[PDB]
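Inside the fold
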Amino acid sequence: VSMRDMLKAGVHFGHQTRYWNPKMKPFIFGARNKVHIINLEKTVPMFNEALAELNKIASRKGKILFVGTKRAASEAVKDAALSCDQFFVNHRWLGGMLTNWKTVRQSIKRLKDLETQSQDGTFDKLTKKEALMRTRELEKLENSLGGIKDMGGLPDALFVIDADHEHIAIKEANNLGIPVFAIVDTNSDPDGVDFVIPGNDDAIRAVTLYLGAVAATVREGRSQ
Amino acid sequence: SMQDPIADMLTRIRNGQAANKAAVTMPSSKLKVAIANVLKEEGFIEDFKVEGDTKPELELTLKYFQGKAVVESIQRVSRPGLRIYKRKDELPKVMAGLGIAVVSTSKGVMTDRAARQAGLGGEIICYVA
Amino acid sequence: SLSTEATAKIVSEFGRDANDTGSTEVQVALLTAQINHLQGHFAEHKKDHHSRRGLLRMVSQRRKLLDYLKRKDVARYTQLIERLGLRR
RNA sequence: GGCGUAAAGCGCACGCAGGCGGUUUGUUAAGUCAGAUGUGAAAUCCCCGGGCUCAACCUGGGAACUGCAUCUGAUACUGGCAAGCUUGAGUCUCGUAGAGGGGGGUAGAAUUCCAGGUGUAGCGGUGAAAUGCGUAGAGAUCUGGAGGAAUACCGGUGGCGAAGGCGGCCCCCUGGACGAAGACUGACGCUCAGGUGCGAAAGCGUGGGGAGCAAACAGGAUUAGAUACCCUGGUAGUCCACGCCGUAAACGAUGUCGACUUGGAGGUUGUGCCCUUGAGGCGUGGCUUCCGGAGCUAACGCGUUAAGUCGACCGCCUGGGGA
């Protein structure tokens, strides 16, 4: 949140001037070497407001859903969402995880049944061909739905990295009225998000800074 | 060529409102300033200022409520190709009274309800809803 | 078109100053000089329609300037049309 | 209510009548507005009652008759008049790019033809053939000459032009566009029925010219037939001068003029700034190609060069045939 730590983390950096979105004009400070520079004076108050609303949602019995699938922010999202008893989607977002929850609930049930019969059940009726088949199905289903297995229903807030990369999740949350907290870069569309946090979403240290701040605020919210 | 500057002012307001512009600028005129006064006193624009002496430039500060346009519709009624004059008993009411109709009566430019209370008719400048 | 010296001469004899190059009299005189000069070119090049379009542009511009001058001040209009030899 | 594709933008432009017209002051009170007066026949329409036992019907009173004229005022807007102003529109200075137009000259490559040398049996053409040319020496090759037409490479969703269109090089005459900084005139403007002008190709008239190509035409093929596609020739024509014709899927199937509305990548042509580092970067105009946002659209798609939001004027459409 500290603008010095932000500027040292690489938050102010943006994409090239070609790929920019004109709707991101209020949050752009300028350009250097044909890449946009995000205005941190605009970034820190919006990030603080987003953190305040996230803390409210956490303290009011809420479920946060951390969404980010880029190879830069996958493991970071996993660590952040596990560090606060939350849920994450760090791999491919299945089209309809939220709007078609009544159908992916069955896949969650299947994943849970498979992992219980593998670990606690320990069928041992292997056949050495259906066993490896079931383990591969379990690993696919876990890489797809491993973060939201203990969610139960739809979350109350989405924290998205690279709002352009995750337009499907944002559109689903907007269809369901769930507030969206997205790290919107200079090339992304800030229309479908509620709490736009204009900052770099490609550098790894920037997303670790964002996720650490969000994890801290949601933990302090959990602990009231 | 420029044959209707009042319709041009209305079009500038409409296009600046649709583009979420903060303020719109245009060459000034007495009738433009009167219509801008009528719009400001009715609450459709925030403020207006006239800058310059030999070439006055009128600048209207557009108004938004919920990130939405305050001026939903603004149309030119009386135009150079067809002039529209109305008597006081047939003055139009926009949006069943929720909108205003800028009327140019012999006592200056005013709204349709002000011209009705004053017992006057005249040229229907525009409809603002 | 007209040379610089001929244009300067016309501006001087038809203008209220050596810099009054925009007066209606100066414009009409310059257009008349260009038309009279082009007359000889088109006597020899009767199939030059592309240049005759610019000639007719000059003619119509001079006509509109003369109409404006006659509507503005008829005395200067008469002085101009007698000094230039117009009125068909 | 419409005109990109469903019917509908004149092929393009100039322009008279007409329509509309930047901005300020004064004046008038023509349009406009307000009030009053006169009139707007009665019946009818409508409202409240009355009489027919009810109704139809009859009838009292009122409202209405949205109109016209006159008189008295108002002056915001439109109009008239007078004086202004510079931002629209033009003039001048200096340059820039361009297949813009008209006239004359010239250059090279190639096709064809004529004459000659070498040389010998084929050449040409096709899916295959044949018609055709060739022992009278073809085709091939070499040399010289004649004539006409068009300008390889450059060459490019490049440039110029109102449109149609414009392509070697040189000279002569000539129109438009754009840019820099100023000076000047001061609404002189936009559109335009009728009118006039320009208007691909084909076609027509007169006089030339005629290499190549090629309607018609002839022959050889193919075919059931083949008045065609294919082949061998070939006249008009294509070319030039001067007239006529006035039509095209004359297309962006998108009239002209002006204002406003997020962006990206290019092309072309000026101009300004900076140790010019560089064939550099950053601005600022003109024209132009592709994609795409809001918006619009029946959709396709258009999208700052709008088919978005508006204003002025014009042309056009009203089911398919007949036509």
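Residues numbered from 1 in each chain as written, not as in the entry; some residues may be left out. Chains lettered and ligands numbered in written order. Part of a larger assembly, values for the part shown. Heavy atoms only, no water.

- As recorded in the entry header, the structure was determined using cryo-EM to a resolution of 2.54 Å.

**Thoughts on the overall build of chain C**
- Check the secondary structure of chain C and you find four helices and zero strands.
- Secondary structure of chain C in N-to-C order comes out as α-α-α-α.
- Judged by the C-alpha coordinates and their principal axes, chain C covers about 40 × 30 × 20 Å.
- Per-residue burial over chain C gives 31% buried out of 88 residues.
- Long-range pairs, those at least 24 residues apart, make up 45% of the contacts in chain C with a sequence separation of at least 6.
- For chain C, the exposed surface amounts to about 6200 Å²; the carbon and sulfur share of it is 50%.
- If the 17 positive side-chain charges of chain C are averaged to one point and the 10 negative ones to another, these points end up 9 Å apart. (Helix = DSSP H or I, 4+ residues; strand = E, 2+ residues; numbered from the N terminus. Buried < 20%, exposed > 50% of the residue type's maximum accessible area, 1.4 Å probe, protein only. Contact = heavy atoms within 4.5 Å. Areas by Shrake-Rupley, 256 points an atom, 1.4 Å probe, with all protein chains shown as cover. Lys, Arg positive; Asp, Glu negative; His and termini not counted. Charge placed at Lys NZ, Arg CZ, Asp CG, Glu CD.)

**Quick look at the protein's contact with RNA strand D**
- The local shell around RNA strand D holds 70 residues, among which B:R14, B:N15, C:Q27, C:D48 and C:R53 are the closest.
- C:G22 has a polar backbone atom sitting 3.0 Å from a sugar or linking oxygen of RNA strand D.
- Ranked by residue count, the leading element in the surface near RNA strand D is helix 3 (residues 49-72) of chain C, at twelve residues.
- Partitioned by chemical class, the residues of the surface near RNA strand D number 14 nonpolar, 32 polar and 24 charged. (Near = heavy atom within 4 Å. Polar contact = N/O pair within 3.5 Å; in protein donor to acceptor, adjacent residues only side chain to side chain. Nonpolar A, V, L, I, M, F, W, Y, C, P; charged D, E, K, R; others polar.)

**With respect to unusual backbone geometry**
- Notably, A:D162 is not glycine yet its phi reads approximately 60 degrees, a positive angle.
- Mapped onto the elements, A:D162 comes out in the loop between strand 6 (157-161) and helix 6 (167-175).

**Comments concerning empty space enclosed by the protein**
Residues and elements named next belong to chain A.
- This structure, assessed with the given rule, holds one cavity of 30 Å³ or more.
- Its boundaries defined by the atoms lining it, the largest cavity holds a volume of some 50 Å³.
- In this structure, the largest cavity is lined by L114, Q117, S118, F123, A131, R134, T135 and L138.
- If you list the elements that add at least two residues to the lining of the largest cavity, you get helix 4 (101-119) and helix 5 (130-145).
- Broken down by element, the residue count for the lining of the largest cavity peaks at four residues, all from helix 5. (1 Å grid on protein atoms, 1.4 Å probe; cavity = no way out; pocket = protein on both sides within 12 Å on 5 of 7 lines; lining within 4 Å. Points joined across faces, edges and corners; volume = space filled by probe spheres on them.)

**A short note on the packing of helix 2 (residues 24-44) of chain C against helix 3 of chain C**
Residues and elements named next belong to chain C.
- Where helix 2 meets helix 3, the axes come as close as 9 Å, and the angle between the chain directions of the two elements is 150 degrees. By the angle class used here, helix 2 and helix 3 are roughly antiparallel. Here helix 2 runs over helix 3; the crossing is left-handed. Where helix 2 approaches helix 3, its residues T24, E25, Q27, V28, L31, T32, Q34, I35, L38, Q39 and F42 are matched on the opposing element by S51, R52, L55, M58, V59, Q61, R62, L65, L66, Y68 and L69. (Axes fitted to C-alpha atoms, helices over the stretch in contact; angles between N-to-C directions. Parallel < 35°, antiparallel > 145°, perpendicular 65-115°, else oblique. Left-handed = near helix turned anticlockwise from the far one by under 90°.)

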